[PDB]
Amino acid sequence: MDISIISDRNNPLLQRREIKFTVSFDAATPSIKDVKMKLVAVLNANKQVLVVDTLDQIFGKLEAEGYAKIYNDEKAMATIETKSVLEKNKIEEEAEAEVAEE
């Protein structure tokens, strides 16, 4: 996919990370974790404690804008954040096989 970073804000107070960006694709609509994959390579951070907040598809073209979020410890987040934020974060992820990528 073609993602573009808009801004990179850091929220230490709530040990959170405010990073806004855009995601565009040719119909192909991935998922949260899926997007996290590339986003992980884009943000270059711990994918484990990485999730998305929300997104919005563009009508004009085939673009979609959204905002990502990152925490430090789920311990705090589990408390601070709400079931709403934790709601997004899917239960478990996939895993084709041990071997992957080039």
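Each chain is numbered from 1 in the order of its written sequence, a scheme that can depart from the entry numbering, and any residue without coordinates is omitted. Derived side-chain values reflect all non-hydrogen atoms in the structure, with water molecules and hydrogen atoms excluded from consideration.

(A) How the structure looks around unusual backbone geometry. Positive phi, normally seen in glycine, also occurs at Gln15, with a value near 40 degrees. Mapped onto the fold, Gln15 is located in the loop between β1 (2-11) and β2 (16-24). The residue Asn44 is not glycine, and still its phi comes out positive at about 65 degrees. Helix and strand definitions here come from DSSP, where helices need a minimum of 4 consecutive H or I residues and strands a minimum of 2 consecutive E residues; each element is numbered from the N-terminal end. Mapped onto the elements, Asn44 comes out in the loop between α1 (32-43) and β3 (50-57). We classify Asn44 as exposed; its relative accessible area is 66%. Relative accessible area decides the class of each residue, using a 1.4 Å probe on protein chains only: under 20% of the type maximum gives buried, over 50% gives exposed, and in between gives partly exposed.

(B) Representation of a negative patch on the surface. In this analysis, a patch consists of residues with relative accessible area above 30% that form no salt bridge, clustered at 9 Å for like charges and at 5 Å for the nonpolar side chains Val, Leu, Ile, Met, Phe, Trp and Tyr. Only the protein chains shown count as covering a residue, and every accessible area follows the Shrake-Rupley method with a 1.4 Å probe. What makes a salt bridge here is a side-chain nitrogen of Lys or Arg within 4 Å of a carboxyl oxygen of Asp or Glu, nothing more. Neither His nor the chain ends is counted toward charge; the positive residues are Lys and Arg and the negative residues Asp and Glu. In this description, the location of a charge corresponds to atom NZ of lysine, CZ of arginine, CG of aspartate or CD of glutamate. Taken together, the side chains of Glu92, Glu93, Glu94 and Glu96 present a region of like negative charge at the surface. Within the secondary structure, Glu93 sits in the segment after α3 (83-88). For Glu93, a relative accessible area of 47% translates into the label partly exposed.

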